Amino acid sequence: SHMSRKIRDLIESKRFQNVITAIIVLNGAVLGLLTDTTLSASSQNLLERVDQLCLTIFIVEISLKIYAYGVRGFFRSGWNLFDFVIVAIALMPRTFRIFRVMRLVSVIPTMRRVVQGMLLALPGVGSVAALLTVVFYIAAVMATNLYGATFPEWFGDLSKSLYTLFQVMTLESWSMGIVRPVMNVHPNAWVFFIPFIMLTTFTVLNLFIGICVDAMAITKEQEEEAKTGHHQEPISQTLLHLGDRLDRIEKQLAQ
């Protein structure tokens, strides 16, 4: 139908994207103003009405998208499902309404590409992240058994130990705050904590560098296909294509 295409072309336009972006910003701005404890009843009611207005615009927007694309369809995209869930959950009387400012990511294509680059880079680091998980679990069980009875606030149970070890890994007051006090009772505690810091800071660095490097490469390809409809072929492929061309030249040289 001509109406489905007329709506699609409007939905897909820069102006419609700019209007929706401006309304997301307006909603974020009113929710930020609503954190103000000193506001009058009238000022609060006014801002709450602007929140309702912003929300209804989003319901019309999603309903226009479910029409112009179909329900099969619109829900085929992960970003449409996210946008749907975020607005639909608000119509169910979850306190943190500000999470709908995340819609800026889904609505802005360049921001959307950064996030999908980061998400697509996550499977490729799962073994490093599992190794980190294993090191933390082992260390938490050790720390609980070793220091729990003497330092219960920091190592009293598994939960307390996982928290303190996360603090230790971030190098936050690890020595003046945690290990120098522990060594007053357990003089060889550094044999546990120094190798733990060495292992975890290294692994967390590796984990983040791995994501950082992969995500940049993925986004760079997605940004190329968004502009030219294709991406740059790997240097190995270009070198392989040159080698195949040299085969035809070597063959033509004989005949």
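Note that residue numbering follows the sequence shown and begins at 1.
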Going from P93 to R94, the deposited residues skipped in the model number 4 to 9
On average, are the C-alpha B-factors higher in 183-191 or in 223-231?
223-231
Return whichever of 35-43 and 209-217 has the greater mean Cα B factor according to the PDB record.
35-43
C-alpha B factor of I197, ranked within the chain: lowest, middle or highest third?
lowest
Quick tally, chain-level thirds of C-alpha B-factors: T170 sits in the lowest
In terms of the CA temperature factor given in the entry, to which third of its chain does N27 belong: lowest, middle or highest?
middle
Once the chain's modelled residues are ordered by C-alpha B factor and cut into thirds, is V101 in the lowest, middle or highest one?
middle
B-factor third for the C-alpha atom of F155 within its chain:
lowest
